[PDB]
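Participant: Okay, handing you the structure first.
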Amino acid sequence: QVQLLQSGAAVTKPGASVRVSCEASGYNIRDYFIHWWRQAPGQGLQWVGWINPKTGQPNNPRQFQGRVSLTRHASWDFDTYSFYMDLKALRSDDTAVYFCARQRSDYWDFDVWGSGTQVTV
Amino acid sequence: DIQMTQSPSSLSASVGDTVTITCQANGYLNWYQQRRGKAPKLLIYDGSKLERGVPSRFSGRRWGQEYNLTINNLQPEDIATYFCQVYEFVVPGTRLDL
Amino acid sequence: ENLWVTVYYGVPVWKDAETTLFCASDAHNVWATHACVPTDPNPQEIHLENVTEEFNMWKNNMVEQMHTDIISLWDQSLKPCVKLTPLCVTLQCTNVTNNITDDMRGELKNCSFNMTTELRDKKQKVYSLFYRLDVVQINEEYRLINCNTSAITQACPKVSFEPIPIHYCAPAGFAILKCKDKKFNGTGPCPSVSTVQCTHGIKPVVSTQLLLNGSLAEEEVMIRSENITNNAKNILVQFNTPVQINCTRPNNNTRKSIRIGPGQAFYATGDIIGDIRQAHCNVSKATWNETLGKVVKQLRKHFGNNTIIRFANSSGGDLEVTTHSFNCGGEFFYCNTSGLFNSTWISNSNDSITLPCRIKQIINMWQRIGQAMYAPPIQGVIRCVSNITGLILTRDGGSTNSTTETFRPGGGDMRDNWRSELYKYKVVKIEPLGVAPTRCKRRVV
Amino acid sequence: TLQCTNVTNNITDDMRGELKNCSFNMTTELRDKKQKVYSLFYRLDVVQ
Amino acid sequence: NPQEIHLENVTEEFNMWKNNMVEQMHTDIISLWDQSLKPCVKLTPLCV
Amino acid sequence: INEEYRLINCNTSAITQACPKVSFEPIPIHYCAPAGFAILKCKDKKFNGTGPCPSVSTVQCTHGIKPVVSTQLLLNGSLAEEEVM
Amino acid sequence: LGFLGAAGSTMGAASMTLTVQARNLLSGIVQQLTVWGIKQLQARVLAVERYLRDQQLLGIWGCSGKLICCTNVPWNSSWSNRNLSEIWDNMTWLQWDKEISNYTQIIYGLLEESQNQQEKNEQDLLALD
Amino acid sequence: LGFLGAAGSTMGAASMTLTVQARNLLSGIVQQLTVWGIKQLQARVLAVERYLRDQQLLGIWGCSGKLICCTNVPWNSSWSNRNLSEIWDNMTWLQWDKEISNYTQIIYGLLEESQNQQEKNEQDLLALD
Amino acid sequence: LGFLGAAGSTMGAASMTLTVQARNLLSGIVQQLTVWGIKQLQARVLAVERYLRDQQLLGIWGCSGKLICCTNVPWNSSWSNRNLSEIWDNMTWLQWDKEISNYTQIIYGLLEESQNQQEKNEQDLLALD
Ligand SMILES: *[C@@H]1O[C@H](CO)[C@@H](O[C@@H]2O[C@H](CO)[C@@H](O[C@@H]3O[C@H](CO[C@H]4O[C@H](CO[C@H]5O[C@H](CO)[C@@H](O)[C@H](O)[C@@H]5O[C@H]5O[C@H](CO)[C@@H](O)[C@H](O)[C@@H]5O)[C@@H](O)[C@H](O[C@H]5O[C@H](CO)[C@@H](O)[C@H](O)[C@@H]5O)[C@@H]4O)[C@@H](O)[C@H](O[C@H]4O[C@H](CO)[C@@H](O)[C@H](O)[C@@H]4O[C@H]4O[C@H](CO)[C@@H](O)[C@H](O)[C@@H]4O)[C@@H]3O)[C@H](O)[C@H]2NC(C)=O)[C@H](O)[C@H]1NC(C)=O
Ligand SMILES: *[C@@H]1O[C@H](CO)[C@@H](O[C@@H]2O[C@H](CO)[C@@H](O[C@@H]3O[C@H](CO[C@H]4O[C@H](CO[C@H]5O[C@H](CO)[C@@H](O)[C@H](O)[C@@H]5O)[C@@H](O)[C@H](O[C@H]5O[C@H](CO)[C@@H](O)[C@H](O)[C@@H]5O)[C@@H]4O)[C@@H](O)[C@H](O[C@H]4O[C@H](CO)[C@@H](O)[C@H](O)[C@@H]4O[C@H]4O[C@H](CO)[C@@H](O)[C@H](O)[C@@H]4O)[C@@H]3O)[C@H](O)[C@H]2NC(C)=O)[C@H](O)[C@H]1NC(C)=O
Ligand SMILES: *[C@@H]1O[C@H](CO)[C@@H](O[C@@H]2O[C@H](CO)[C@@H](O[C@@H]3O[C@H](CO)[C@@H](O)[C@H](O)[C@@H]3O)[C@H](O)[C@H]2NC(C)=O)[C@H](O)[C@H]1NC(C)=O
Ligand SMILES: *[C@@H]1O[C@H](CO)[C@@H](O[C@@H]2O[C@H](CO)[C@@H](O[C@@H]3O[C@H](CO)[C@@H](O)[C@H](O)[C@@H]3O)[C@H](O)[C@H]2NC(C)=O)[C@H](O)[C@H]1NC(C)=O
Ligand SMILES: *[C@@H]1O[C@H](CO)[C@@H](O[C@@H]2O[C@H](CO)[C@@H](O[C@@H]3O[C@H](CO)[C@@H](O)[C@H](O)[C@@H]3O)[C@H](O)[C@H]2NC(C)=O)[C@H](O)[C@H]1NC(C)=O
Ligand SMILES: *[C@@H]1O[C@H](CO)[C@@H](O[C@@H]2O[C@H](CO)[C@@H](O[C@@H]3O[C@H](CO)[C@@H](O)[C@H](O)[C@@H]3O)[C@H](O)[C@H]2NC(C)=O)[C@H](O)[C@H]1NC(C)=O
Ligand SMILES: *[C@@H]1O[C@H](CO)[C@@H](O[C@@H]2O[C@H](CO)[C@@H](O)[C@H](O)[C@H]2NC(C)=O)[C@H](O)[C@H]1NC(C)=O
Ligand SMILES: *[C@@H]1O[C@H](CO)[C@@H](O[C@@H]2O[C@H](CO)[C@@H](O)[C@H](O)[C@H]2NC(C)=O)[C@H](O)[C@H]1NC(C)=O
Ligand SMILES: *[C@@H]1O[C@H](CO)[C@@H](O[C@@H]2O[C@H](CO)[C@@H](O)[C@H](O)[C@H]2NC(C)=O)[C@H](O)[C@H]1NC(C)=O
Ligand SMILES: *[C@@H]1O[C@H](CO)[C@@H](O[C@@H]2O[C@H](CO)[C@@H](O)[C@H](O)[C@H]2NC(C)=O)[C@H](O)[C@H]1NC(C)=O
Ligand SMILES: *[C@@H]1O[C@H](CO)[C@@H](O[C@@H]2O[C@H](CO)[C@@H](O)[C@H](O)[C@H]2NC(C)=O)[C@H](O)[C@H]1NC(C)=O
Ligand SMILES: *[C@@H]1O[C@H](CO)[C@@H](O[C@@H]2O[C@H](CO)[C@@H](O)[C@H](O)[C@H]2NC(C)=O)[C@H](O)[C@H]1NC(C)=O
Ligand SMILES: *[C@@H]1O[C@H](CO)[C@@H](O[C@@H]2O[C@H](CO)[C@@H](O)[C@H](O)[C@H]2NC(C)=O)[C@H](O)[C@H]1NC(C)=O
Ligand SMILES: *[C@@H]1O[C@H](CO)[C@@H](O)[C@H](O)[C@H]1NC(C)=O
Ligand SMILES: *[C@@H]1O[C@H](CO)[C@@H](O)[C@H](O)[C@H]1NC(C)=O
Ligand SMILES: *[C@@H]1O[C@H](CO)[C@@H](O)[C@H](O)[C@H]1NC(C)=O
Ligand SMILES: *[C@@H]1O[C@H](CO)[C@@H](O)[C@H](O)[C@H]1NC(C)=O
Ligand SMILES: *[C@@H]1O[C@H](CO)[C@@H](O)[C@H](O)[C@H]1NC(C)=O
Ligand SMILES: *[C@@H]1O[C@H](CO)[C@@H](O)[C@H](O)[C@H]1NC(C)=O
């Protein structure tokens, strides 16, 4: 299994931060970028950005610069990876559901997805 | 740059018959199917192939800069949203219903 | 008349293939170039008229073999050195405040601990200086930073880290083609091919954000990438005029030596003779700002003619990829390049810049985690001068409306460092047997 | 040296004396500190 | 069968102290000596 | 240890223990040459170290040499035939 | 010229320099642990095995010890049909190799028996008189 | 005699025993880690590589499968000038090799192409009539 | 048939398939630490060494590059005496090899020098006219 476990829902006041996690369990973790997507009520998807898990390097669009932080962490048995997304200055528009996704090749074909986590303000 | 536009906002065909959805997309292309309150799932990548573990009712073909998604022998559960993505860009999908 | 088959042995024909090249060098050091056949004083090169071949980097197999070969030589040189297992103990540290500036406030620690002597039943009390990037507080007493992930190992301070030029030669029955086009892309047909017996002298220097001590282009600045519209691919820039960068470690270091058991020595760090100042690198502000101008002209050709082009500093990650990391004379630097990539170029002084650097001693060279290494201190004062001959960039995604592209420095994967030197070569296999029709027929007797 | 007792929590009588609950002192990652841990062992692997 | 052939009418030049069979007998028994010490007991606890 | 003892090597090296079922007895050894090579042999009785040997001969490999270690006297070796050399 | 120069020229002019391509098929490392110890040693054994597989073929067809060897198999036009001058004067060995790669296995079977095994027995039953 | 006996004799009488020297160029270790494991394995590969560099040369000159091979190159007296009897009856192969080692590279070039490849194409142009 | 089929048949009918046995003497490991690292490497060197020991023999007897090569040595009846039909039509190479293993070393000496070296010097004495 190549599951991508995700954490539960959360809600908070404006002007606060929020962290959402995503586990990787059943494959060679260090060989596939990890992307974060966002879906608003009654809209299409939106690219939040990607992270390279070997070096840990992020890439975000100009809309989210200075507000999003993508990080990762492994354990001293090196089997489990935990990816984190942190959002800093929340507003009403950030009410959405967020998706962990695992790229597979150079077509950007995302075969595995996470359950998704709903968060609102 | 990247251009992308798809063409039935939402059709309303019924059980049995077949329909097609067309995306115009410069540059690779994929198709996804997403039920309400669920994570999407990949059907067709690179515009022509299909992912291992999908009924063969779905199949797509390309010509020029226009791609086609079409499903044969509609089923009571194949009603969901369908959109096409290129790489960061996606589009608001289409809705079909009996 | 009816033509017959005739057989030819030794026709010029070749296909693509993979093999194991062997290496050759000139005339002790980590890359073990004392187990390389000595090179020859005759670099023979043959030009091939009227023939155009097809090159493709990012699939060249000479790169996947240079990688695994210097990862194997690195381990071969650590097998016989000292294991530092007794060094994971509890340390008792204290700030160093003896004639420091104010930038080095908190960068050095003076730690004391209990060590094993040459007798299994005696201990000794010992001190040594450690950098802040190598110790952690146990409960907010310190400990080395690696003692919950890996074991450290370092001796053999008679082995140097200086890179040595290395030629990669091909066995019999194979050949190495070489593209002599001056405006060559990554892939595509090169119409001015030529053959050699082995490549030029390649230096295995490792670095992260800038490419150092490499080769230059002859016509202008080149920009190579596979699918420049895919923002998950790095970009390789190559200058045509070098930029100098002078780096130094201005402290006067001393080196103790502690007999930990029989025949084992640990090389600590003694006191410092003088003042404690920070390490840095100075770059000429005029030359740098000029070559950055010559890069945006070529960068504009791939995007619209009136686009805004920005440079920003790295956005995050590990310490190795968020800074310019290199090795100068046995010490490992990590310099803050946030003063080089800070500008905005739209269409239509005479001093230097100073980049502050840090230093580490516990090194985890390739992303492998289960085995770190220590690095003994160097006596005296460090100083080196290098050429900057390229960059590794990364474009910000999600850019619509066709304006304001943003680039940031990247790196991390050493294979991109080898592709900047082996983009001209490819390996082919000779097929010397061919048949053809002709009029002669064998004489029956 | 281990210090073992019998496992009698919800067993049949086939397993009376087949499992032991042993406790001992182990070395940690810092050379001067130890830890006290435990583990279950089959009776065919320990001797008095 | 230790064969040996006599060669009439031929004289050759010998020179010890430059013979290369000597510099190979040396390094080959220095190397067999260490091969027989690799797999046996290390006396580390004896330095007390 | 100070003017209590210690082994003499504890400040220069470590000791291994001369694995007890392996003997130190020397055994004759013949050194043979690969294909395409040959081993010449001088049969002069009064042969010097260097110089022209006028009674050459060829063999496939040498006589049995015992690898005996010693310092001031050579032991269990070969003798001269005519006189002391 | 030198190694692989005639690769530019046409078949007629390139088939006068076979010896230079033939001489560089054996060695060139004239005088000279696993890394760089067994790396090389694995190469030198493959160079010999690839060289002996071609001397064996040339011997089976009756061409041993030669560089040009007129055989006795007729050229079926189904393999190609181009005027002789349109082959030896306006194309190269690189071009012609791609136009023929589909039939060499068909041809190689003929050379092996359609001449030599057929002829090796005839001289046997002819020298008996 | 045996292996290398004729080394004493003159060229005329020593050129009757070529097979003796030729047979001992391949093996003699009839039936049989790094020490004594990787050195010997590098000995057996060098013997094969050295034995094939000589068979390749003999084939290029048109002499494959022979021990004495009359060629078609004339003997330039600038290499040496001694009466035929003063060569085959009063000196040895050891003596003559030193008197000639300066010109072998000159001679080897004449045999390779300037005689055989010149001759290999003429039969090609002749068998097409 | 295939590799070693004719092993069942008689010598006459089995001597039509020599190429099948001859082709399978070189490789079979066509494509890609000691165990399974030096196991292979010790085998590939023995196959090359055993293959060159027989090409050398054939060249010494004057049969280089051939599969059937009748010589100039007469058949002494002391080795065997059976009607030619009682050899080529009612027995096999396996049966016949066991009847001759005592004399091959005697025969091999006659082929080597007593026929070819006796003949290789006579073309010399003839070609000098
Ligand atoms: C990209 O490429 C770049 C180009 O290659 C590369 O840069 C090069 O990097 C290497 C590696 O870091 C550099 O090589 C090192 O250079 C060190 C400096 O050597 C120079 O300075 C020495 C000191 O000179 C002072 O003292 C002399 C008396 O001895 C005086 O004569 C001098 O005038 C000078 O006096 C000044 O200082 C006095 C003391 O303070 C003062 O009294 C006085 O008034 C005045 O102010 C010189 O000795 C030395 O000379 C060497 O080189 C010249 C040629 O320039 C030769 O002619 C000489 O024969 C001699 O070889 C230089 O001028 C070296 O010290 C250093 O060597 C040490 O390390 C190596 C390797 O480990 C050892 O083999 C070597 O022996 C040294 O180790 C030893 O050190 C200690 C103390 O000596 C010793 O006890 C110990 O046992 C140990 O063995 C090394 O070679 C090179 O310089 C860089 N090039 C440049 C142009 O800068 C760059 O790194 C590359 N980038 C990347 C990323 O890879
Ligand atoms: C980065 O990654 C991206 C992917 O994300 C890469 O994009 C790829 O870019 C290449 C080259 O830029 C594209 O190849 C080109 O594809 C087009 C379109 O192909 C479709 O249409 C073909 C028919 O098109 C004609 O007819 C239609 C109407 O019928 C018209 O609208 C068109 O304008 C045309 O007139 C059709 O034949 C194709 O199917 C065939 O090909 C595919 C494979 O592509 C097969 O699977 C099919 O089975 C079938 O065989 C397809 O449906 C082609 O039209 C282009 O043809 C050019 O190149 C030919 C050589 O192969 C050449 O013979 C043609 O004459 C033509 O020449 C071009 O250049 C001339 C220069 O003077 C022009 O004058 C001329 O007008 C023409 O433009 C070409 O094959 C890829 O499709 C594209 N992939 C994707 C997914 O977008 C990008 O390359 C990467 N970059 C880097 C640096 O790596
Ligand atoms: C870094 O520190 C070391 C250690 O102090 C410095 O080395 C020292 O350099 C001085 C001056 O070159 C030496 O002084 C000399 O002393 C002798 C007598 O010993 C005297 O005859 C000379 O005239 C001179 O005064 C000193 O010996 C030397 N120390 C050692 C241990 O060698 C070094 O110079 C410092 N480096 C820098 C860049 O400051
Ligand atoms: C890499 O270098 C850059 C600049 O070269 C570093 O950013 C600089 O960080 C310092 C320390 O936090 C900032 O100084 C602060 O300035 C404010 C305003 O005067 C003052 O109130 C503070 O007390 C402090 O002095 C400095 O402003 C900042 N520069 C910029 C342009 O933001 C950066 O931190 C370095 N990277 C790392 C990892 O340290
Ligand atoms: C990255 O680039 C920006 C823009 O070039 C740099 O900010 C600029 O820094 C200079 C030097 O301090 C400022 O000049 C001086 O500023 C003070 C107060 O800001 C003013 O009173 C002086 O008269 C003088 O103009 C300049 O104002 C400032 N620009 C802005 C918009 O803040 C920045 O320092 C660069 N970062 C690095 C790490 O180099
Ligand atoms: C690369 O291709 C070019 C283009 O074909 C070759 O240049 C041509 O080579 C031919 C062959 O030597 C020349 O023909 C000559 O014609 C004159 C006049 O009839 C005749 O007297 C000569 O004996 C010879 O036949 C031709 O002039 C020359 N140039 C052209 C066609 O413009 C070139 O040789 C090729 N190089 C290689 C290395 O293959
Ligand atoms: C090994 O122990 C260290 C000691 O804390 C762990 O350090 C982490 O360090 C980073 C940055 O220094 C902090 O952000 C983390 O919070 C620290 N960990 C914890 C649990 O607080 C380090 O993670 C340990 N290594 C492993 C593999 O667990
Ligand atoms: C995708 O499918 C549609 C039909 O569902 C195709 O549109 C038809 O194209 C043909 C030409 O081949 C025309 O004759 C029809 O009139 C079109 N139908 C309509 C309703 O306009 C379309 O061509 C397909 N896409 C591709 C790239 O072939
Ligand atoms: C080195 O080991 C000695 C052990 O003799 C340590 O000294 C002990 O420190 C503990 C710490 O609380 C005290 O409780 C003991 O009473 C001390 N023993 C003696 C004999 O004084 C010493 O701390 C160790 N050194 C370091 C740097 O940790
Ligand atoms: C690091 O701390 C040690 C103490 O453990 C310092 O060593 C002492 O230095 C003073 C200086 O006057 C001497 O009087 C003491 O005798 C030293 N003690 C020992 C045990 O050597 C050392 O100087 C400190 N180093 C730095 C750079 O601050
Ligand atoms: C683990 O080690 C501790 C040592 O601290 C052991 O506890 C000691 O046990 C001895 C019995 O021989 C007592 O005399 C000491 O008084 C004990 N010390 C303390 C501090 O309690 C303990 O028994 C060991 N654990 C096991 C399972 O053997
Ligand atoms: C060694 O040399 C001697 C003389 O140099 C040879 O003896 C003569 O050999 C010739 C050649 O057959 C005979 O005709 C003479 O009768 C021999 N005796 C003389 C001249 O006194 C001897 O044959 C040589 N031996 C070898 C093995 O070459
Ligand atoms: C196996 O042996 C049988 C008989 O011993 C062979 O069958 C005969 O073969 C001869 C030729 O060898 C034919 O002329 C006969 O017609 C065959 N049939 C009979 C005698 O009944 C058979 O060919 C042999 N098989 C092989 C593979 O050699
Ligand atoms: C060292 O100094 C820093 C501030 O400069 C302080 O926070 C820290 O507690 C000090 N540590 C010690 C061991 O003195
Ligand atoms: C290099 O590649 C780019 C993009 O594929 C193309 O625009 C350019 O023309 C190429 N250069 C050459 C010399 O073909
Ligand atoms: C042997 O050596 C001695 C001294 O080295 C010399 O006097 C004597 O002449 C030599 N003998 C011969 C036969 O060369
Ligand atoms: C030539 O080949 C074709 C098939 O490609 C075959 O039908 C024909 O019989 C062959 N001709 C001869 C003479 O073998
Ligand atoms: C013989 O060699 C000499 C020396 O180079 C040369 O001058 C002469 O032309 C040569 N003669 C022949 C016929 O080769
Ligand atoms: C045949 O062999 C016998 C047995 O050795 C022998 O007596 C006889 O002379 C040989 N015949 C010939 C012609 O050699």
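Naming works like this for the structure tokens: A, B, ... for the chains as they're shown, residue 1 at the start of each chain, ligands 1 onward in shown order.
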Let me see if you get this right: every residue at most 8 Å from ligand 2, counting only C-alpha atoms and all ligand atoms, written as a list in words.
Facilitator: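 Selection of residues at most 8 Å from ligand 2: residues 107 of chain A; 26, 27, 28, 29, 46, 62, 63, 64 and 65 of chain B; 225, 226, 227, 228, 229 and 230 of chain C.
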Participant: Dump the neighbourhood of ligand 5 as a list in words: all residues within 8 Å, distances computed on only C-alpha atoms and all ligand atoms.
Facilitator: residues 338, 339, 340, 342 and 343 of chain C
Participant: Take atom 5 (O, counted along the ligand's line) of ligand 9 and CA of residue 88 in chain C and report the distance between them in Å, one decimal.
Facilitator: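 Between these atoms lies a distance of 17.2 Å.
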Participant: Select residues of chain C: the criterion is any atom within 6 Å of an atom of chain G, counting only C-alpha atoms; output as a VMD selection string.
Facilitator: chain C and resid 3 to 10 12 to 13 37 48 to 51 172 to 173 441 to 442
Participant: Could you build a table of the residues in chain F lying no more than 12 Å from chain E, giving for each the nearest pair of atoms and their separation in Å rounded to one decimal place, using only C-alpha atoms, ordered by chain and ascending residue number, as a Markdown table?
Facilitator:
```
| residue | atom | partner | partner_atom | distance |
| --- | --- | --- | --- | --- |
| F:1 | CA | E:48 | CA | 10.7 |
| F:4 | CA | E:48 | CA | 10.2 |
| F:5 | CA | E:48 | CA | 8.8 |
| F:6 | CA | E:48 | CA | 6.6 |
| F:7 | CA | E:47 | CA | 6.6 |
| F:8 | CA | E:47 | CA | 9.3 |
| F:9 | CA | E:47 | CA | 8.5 |
| F:10 | CA | E:47 | CA | 6.0 |
| F:11 | CA | E:47 | CA | 9.4 |
| F:12 | CA | E:47 | CA | 11.6 |
| F:13 | CA | E:44 | CA | 10.3 |
| F:14 | CA | E:44 | CA | 6.9 |
| F:15 | CA | E:43 | CA | 5.7 |
| F:16 | CA | E:42 | CA | 4.7 |
| F:17 | CA | E:41 | CA | 5.5 |
| F:18 | CA | E:37 | CA | 6.6 |
| F:19 | CA | E:40 | CA | 5.7 |
| F:20 | CA | E:40 | CA | 9.1 |
| F:21 | CA | E:40 | CA | 10.6 |
| F:22 | CA | E:36 | CA | 8.4 |
| F:23 | CA | E:36 | CA | 10.7 |
| F:24 | CA | E:33 | CA | 10.3 |
| F:26 | CA | E:29 | CA | 11.6 |
| F:29 | CA | E:25 | CA | 10.6 |
| F:30 | CA | E:2 | CA | 10.9 |
| F:31 | CA | E:21 | CA | 9.0 |
| F:32 | CA | E:21 | CA | 10.8 |
| F:33 | CA | E:21 | CA | 10.7 |
| F:38 | CA | E:4 | CA | 11.6 |
| F:39 | CA | E:4 | CA | 10.5 |
| F:40 | CA | E:12 | CA | 9.0 |
| F:41 | CA | E:14 | CA | 9.3 |
| F:42 | CA | E:14 | CA | 8.3 |
| F:43 | CA | E:6 | CA | 9.6 |
| F:44 | CA | E:11 | CA | 10.9 |
| F:47 | CA | E:14 | CA | 9.8 |
| F:48 | CA | E:15 | CA | 9.2 |
| F:49 | CA | E:16 | CA | 5.8 |
| F:50 | CA | E:15 | CA | 4.2 |
| F:51 | CA | E:13 | CA | 5.5 |
| F:52 | CA | E:13 | CA | 4.4 |
| F:53 | CA | E:12 | CA | 5.6 |
| F:54 | CA | E:11 | CA | 4.3 |
| F:55 | CA | E:11 | CA | 6.5 |
| F:56 | CA | E:7 | CA | 6.1 |
| F:57 | CA | E:6 | CA | 4.6 |
| F:58 | CA | E:5 | CA | 5.5 |
| F:59 | CA | E:4 | CA | 4.9 |
| F:60 | CA | E:3 | CA | 7.1 |
| F:61 | CA | E:2 | CA | 8.2 |
| F:62 | CA | E:2 | CA | 9.3 |
| F:63 | CA | E:2 | CA | 9.1 |
| F:64 | CA | E:2 | CA | 11.4 |
| F:65 | CA | E:25 | CA | 10.6 |
| F:66 | CA | E:25 | CA | 11.4 |
| F:67 | CA | E:29 | CA | 8.5 |
| F:68 | CA | E:29 | CA | 11.0 |
| F:69 | CA | E:29 | CA | 11.1 |
```
Participant: Please identify the residues whose atoms come within 12 Å of ligand 15, using only C-alpha atoms and all ligand atoms, and report them as a list in words.
Facilitator: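 My answer, listing the contacting residues, is residues 54, 55, 56, 181, 182, 183, 184, 185, 186, 187, 188, 189, 190, 191, 222, 223, 224, 225, 226, 227, 228, 229, 298, 299, 300, 301, 302 and 303 of chain C.
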Participant: Which one of C:232, C:422, C:169, C:346 sits closest to residue 49 in chain A if you count only C-alpha atoms?
Facilitator: C:232
Participant: For ligand 14, collect every residue having any atom at a distance of at most 12 Å from a ligand atom (counting only C-alpha atoms and all ligand atoms); output as an NGL selection string.
Facilitator: :C and (91-97 or 100-112 or 132 or 135-137 or 140-142)
Participant: Please measure the separation of CA of residue 23 in chain B and CA of residue 67 in chain B, giving the value in Å to one decimal.
Facilitator: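 So the answer is 5.2 Å.
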